[PDB]
Protein chains: 2
Amino acid sequence: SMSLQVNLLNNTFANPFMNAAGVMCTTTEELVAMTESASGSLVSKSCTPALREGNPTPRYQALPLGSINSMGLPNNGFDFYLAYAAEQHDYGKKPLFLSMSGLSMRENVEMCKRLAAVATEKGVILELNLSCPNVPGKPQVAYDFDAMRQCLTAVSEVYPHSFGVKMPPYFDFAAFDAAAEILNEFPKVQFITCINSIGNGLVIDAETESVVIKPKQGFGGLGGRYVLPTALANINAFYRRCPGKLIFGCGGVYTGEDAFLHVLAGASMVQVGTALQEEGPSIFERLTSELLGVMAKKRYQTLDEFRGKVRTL
Amino acid sequence: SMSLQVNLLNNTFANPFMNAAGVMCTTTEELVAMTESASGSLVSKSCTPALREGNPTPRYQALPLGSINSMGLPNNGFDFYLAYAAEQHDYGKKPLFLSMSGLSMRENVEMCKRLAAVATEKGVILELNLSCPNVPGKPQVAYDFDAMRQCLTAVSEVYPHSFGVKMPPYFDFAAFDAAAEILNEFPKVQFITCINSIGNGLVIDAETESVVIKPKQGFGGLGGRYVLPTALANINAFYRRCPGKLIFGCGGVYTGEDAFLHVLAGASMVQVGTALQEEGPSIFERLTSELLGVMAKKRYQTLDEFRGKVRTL
Ligand SMILES: Cc1cc2nc3c(=O)[nH]c(=O)nc-3n(C[C@H](O)[C@H](O)[C@H](O)COP(=O)(O)O)c2cc1C
Ligand SMILES: Cc1cc2nc3c(=O)[nH]c(=O)nc-3n(C[C@H](O)[C@H](O)[C@H](O)COP(=O)(O)O)c2cc1C
Ligand SMILES: O=C(O)c1cc(=O)[nH]c(=O)[nH]1
Ligand SMILES: O=C(O)c1cc(=O)[nH]c(=O)[nH]1
Ligand code: NI
């Protein structure tokens, strides 16, 4: 009588849950573990053309209300994630997203040219990251609407497939309108993932009288409980302003109820970051169970019945 | 042996605590209550040239982790707050800040021209709000740097006194740098208040499947526990980039420990919003007491001894 099934991008997903890019998806063993998990899908660590060591440690800290990180894009490099998608991933189990985070337009252009064939042959789907806020001396691409337009223009020009974009959060309607206007000019952009972390917060430990991460004087992206209302705002804002596109939710999901809120705001897929970092891939069994439980109590049978139907006053 | 005393802008404050603008400071009764409280200071509700009714209700909601509001600047009008500063306020009890939020540059200019004489005669201090996120169709001035520079020029032109600016949160270093560079052009800007609410979040009540405030489809500014690391980040960011100015902290202060963090980050004064809304002006006796307790356990006697001294790794 009940179903968490999702159909989009010419795929069927058993449920809307997946990891947030960058969480538990860097190594072969992590990718295998996500594939073997109860999640409906998975996305690989945001990649650069060559392997990156990332920022000095400590660079992640769990917190009572979430997390702060300045990882600095540590990743195995594009060849590695391309090879996983081309040769190793079991598409029989679930669809695969590959997150790309080139440090320049030219890097994204070069990687997309090579990804094209693998997307065609295997069905891997590109999630293009325009919102990394932890690489020193590199402003978030999507806070500069001109840099955003140019990046999307280049990728659309060279990449012969649909793709999605991972967005930083915005905090005013003018920004929502400006971002949506740009995104709506690109028909290949078929999903929008809202949101990446809330950028450059600063956690201070009262006992040590110090920051808690090493890079960038302790400034890092916030995730977890801190970001849920901001995530829902962005999910709903683009859900409304980009009616021709799907929205993937990301931010502050720890429970089936949290996920229910994401869907109500407009989300098709629901990404899990901080909570997954702290619990491991077994969380997806708990989350599907919980979401089904929420739906049971509210008398919903499918996600379609309430997606985007949040009531305004 | 210990003291919460603060000295700035030719004034002495018994302690760093004050209300955040907009919280419990709209009516005569509220202003007197703040003046009679244990707070080191107070600021009046952000004003427009004429009275405003504000947005339709409900327009504020207390939450487990903070608050969301879209008040829409309900206020008694400039004449009313000017009159309170000129004629009624007991400066013998504590200094007074007047918050100003004209809906246009020209509105601020005209109010400042009239405030000048009262500042001279009575010592009231202007906090110029460049960051109201809840009046529909009106974008936050401080997210537009050229506009911000223009406004500060226009005001400095007509207002022969020191003043401060209430800033929205920023989320990347390029933005910290740009804002600080504008503010550093204007010597009259002697303090910076970080931060106004995190703008346009969206709270959804899972039981009702609806938003919780009426204006703007449920979108509103976030305060409280949600905003503390963003507040600390902005306090510290401007503390570092504007060494010729003082920083007032605002955001997420519920305890003396929270206030201790604000000061460590660089704050001279510490403003209390959401917590004050939920607890009333008695909160200031608890906060002074708690901060003294935190200082005793840590063997500090004055705020100077640790202000801005947060340790990086
Ligand atoms: C450790 C860590 C690494 C992350 N790395 C990436 C990344 O490589 N690419 C990306 O798009 N987002 C990255 N993020 C952001 C998350 O994908 C997600 O947008 C954010 O953490 C909010 O979700 P949460 O509240 O569930 O954590 C990372 C987050 C964390 C905590
Ligand atoms: C009810 C309410 C009304 C507010 N009105 C104003 C205002 O008139 N002027 C202003 O600068 N900020 C206003 N704000 C923002 C607060 O001054 C403060 O910057 C924000 O709430 C963060 O502090 P908190 O975390 O202590 O709530 C208001 C906040 C609340 C909750
Ligand atoms: O690798 C990182 O540091 C990182 C990337 C990103 O997109 N988001 C994030 O929070 N961290
Ligand atoms: O009156 C309001 O709506 C308001 C003004 C402001 O500056 N900040 C805020 O959170 N609310
Ligand atoms: Ni922004």
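Residues numbered from 1 in each chain as written, not as in the entry; some residues may be left out. Chains lettered and ligands numbered in written order. Heavy atoms only, no water. Residues with missing side-chain atoms left out of burial classes, pairs and counts.

- In terms of determination method and resolution, the entry is listed under X-ray crystallography at 2.0500 Å.

## Observations regarding the relation of the copies chain A and chain B
- The two copies are related by a screw operation: chain A maps onto chain B through 180° of rotation and 0.1 Å of translation along the axis, at an RMSD of 0.2 Å. In symmetry terms, the pair is related by a two-fold rotation axis. When each C-alpha of chain A is compared by its distance to the rotation axis, A:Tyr226 comes out closest, at 2.5 Å.
- Here 98% of the interface residues in chain A have copies in chain B that are interface residues too; the copies meet face to matching face. (Least-squares fit on C-alpha atoms. Contact = heavy atoms within 4.5 Å.)

## As for the nonpolar core
- By size, the foremost hydrophobic cluster in this structure holds 213 residues, and its most contacted members are A:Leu152, A:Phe238, B:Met100, B:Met148, B:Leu152 and B:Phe238.
- Ignoring sequence-local partners within four residues, the contact set of A:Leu152 consists of A:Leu128, A:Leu130, A:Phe163, A:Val165, A:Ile182, A:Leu183, A:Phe186 and A:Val189. (Core = buried A, V, L, I, M, F, W, Y, C linked by side-chain atoms within 4.5 Å. Buried < 20%, exposed > 50% of the residue type's maximum accessible area, 1.4 Å probe, protein only.)

## Focus on the pairing of strand β10 (residues 189-194) of chain B
Residues and elements named next belong to chain B.
- Summarising burial for β10: 5 of the 6 residues are buried, a large majority.
- Each parallel crossover has a hand, and the one from strand β9 (residues 163-167) via helix α5 (residues 173-183) to β10 is right-handed.
- As paired elements, β10 and strand β15 (residues 246-250) share 4 bridges and run parallel to each other. The residue of β15 that forms the bridge with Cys-194 is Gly-249. (Helix = DSSP H or I, 4+ residues; strand = E, 2+ residues; numbered from the N terminus. Right-handed = clockwise from strand over helix to strand, strands pointing away. Pairing = 2+ DSSP bridges.)

## A look at the packing of aromatic side chains
- Scanning the entire structure with this criterion turns up 33 aromatic pairs over all chains.
- Ring geometry for A:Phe176 against A:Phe238: centres 6.0 Å apart, planes inclined by 80°, an arrangement best described as edge-to-face. With a gap of 62 residues between them, A:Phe176 in helix α5 (residues 173-184) and A:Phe238 in helix α6 (residues 228-241) connect regions that are remote in the sequence. A single burial state applies to A:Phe176 and to A:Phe238, both of which are buried.
- Here a set of aromatic residues connected by ring pairs shows up, and it is made of A:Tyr143, A:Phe145, A:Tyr170, A:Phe173, A:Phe176, A:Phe238 and B:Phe219.
- The ring of A:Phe173 is capped by A:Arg241, whose NZ or CZ atom sits 4.9 Å from the centre of that ring. (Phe/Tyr/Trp six-rings, centres within 6.5 Å; stacked < 30°, edge-to-face > 60°. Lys NZ or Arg CZ within 6 Å of the ring centre and 35° of its normal.)

## A word on the pattern of salt bridges
Residue and element names in this part refer to chain B.
- Tallied over the entire structure, the rule returns 16 salt bridges over all chains.
- With a closest N to O distance of 2.9 Å, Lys-113 and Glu-110 form a salt bridge. In this pair, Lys-113 and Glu-110 both sit in helix α3 (residues 105-122), 3 residues apart, roughly one turn of the helix.
- We classify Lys-113 as partly exposed; its relative accessible area is 44%.
- The class of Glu-110 is partly exposed, set by a relative accessible area of 45%.
- Here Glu-290 ties to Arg-286 by a salt bridge, and the two come within 3.0 Å at their closest N and O atoms. Of this pair, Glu-290 and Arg-286 are both found in helix α9 (residues 283-298), 4 residues apart, which corresponds to roughly one turn of the helix.
- Residue classification places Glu-290 among the partly exposed residues on the basis of a relative accessible area of 28%. (Salt bridge = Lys/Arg side-chain N within 4 Å of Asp/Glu carboxyl O.)

## Let's talk about the interface of chain A and chain B
- Contact with chain A, which involves 51 residues of that partner, is made by 51 residues of chain B.
- Residue assignment for the side of chain A that touches chain B shows that the elements contributing at least two residues are α5, β11 (198-202), β12 (204-205), β13 (210-211), β14 (219-223), α6 and α7 (256-265) of chain A.
- A per-element tally of the side of chain A that touches chain B places α6(A) first, with 7 residues.
- Tallied by class, residues from the side of chain A that touches chain B come to 29 nonpolar, 10 polar and 12 charged. (Nonpolar A, V, L, I, M, F, W, Y, C, P; charged D, E, K, R; others polar.)

## Some points on the domain arrangement of chain A
Residues and elements named next belong to chain A.
- For chain A, the domain assignment lists domain 1 (1-54 + 73-197 + 224-313) and domain 2 (55-72 + 198-223).
- Averaged C-alpha coordinates put domain 1 and domain 2 at centres separated by 23 Å.
- Tallying the contact residues gives 23 residues for domain 1 and 22 residues for domain 2.
- Both sides of the domain 1 and domain 2 interface together cover about 1700 Å² of buried area, and 57% of this is carbon and sulfur.
- A per-residue breakdown of the area domain 1 buries against domain 2 is headed by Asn-134, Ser-197 and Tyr-226, which together make up 38% of the total. (Domains from an automatic or database assignment. Buried area = accessible area lost by both parts, 1.4 Å probe.)

## So, the packing of α7(A) against helix α9 (residues 283-298) of chain A
Residues and elements named next belong to chain A.
- It is at 7 Å that the axes of α7 and α9 come closest, and there the two elements cross at 70°. Overall, the two elements α7 and α9 adopt an arrangement that is roughly perpendicular. When you trace α7 past α9, the crossing you get is right-handed. On the side of α7, the interface is formed by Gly-256, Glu-257 and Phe-260, while α9 contributes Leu-287, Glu-290, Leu-291, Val-294 and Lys-298.
- When grouped by side-chain class, the residues that make up the contact of α7 with α9 number 4 nonpolar, 1 polar and 3 charged. (Axes fitted to C-alpha atoms, helices over the stretch in contact; angles between N-to-C directions. Parallel < 35°, antiparallel > 145°, perpendicular 65-115°, else oblique. Left-handed = near helix turned anticlockwise from the far one by under 90°.)

## Structural notes on the pairing of strand β8 (residues 125-129) of chain A
Residues and elements named next belong to chain A.
- Counting buried positions over the 5 residues of β8 gives 5, a clear majority of the element.
- Both faces of β8 are covered, namely the face carrying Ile-125, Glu-127 and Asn-129 and the face carrying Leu-126 and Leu-128.
- Two strands pair when backbone bridges link them, and strand β7 (residues 96-100) and β8 are joined in this way by 4 bridges, in the parallel orientation. Each bridged residue has a counterpart across the sheet, and for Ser-99 the counterpart in β8 is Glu-127.
- Assessed by its sense of winding, the connection that carries the chain from β7 through helix α3 (residues 105-122) to β8 is right-handed.
- Two strands pair when backbone bridges link them, and β8 and strand β9 (residues 163-167) are joined in this way by 3 bridges, in the parallel orientation.

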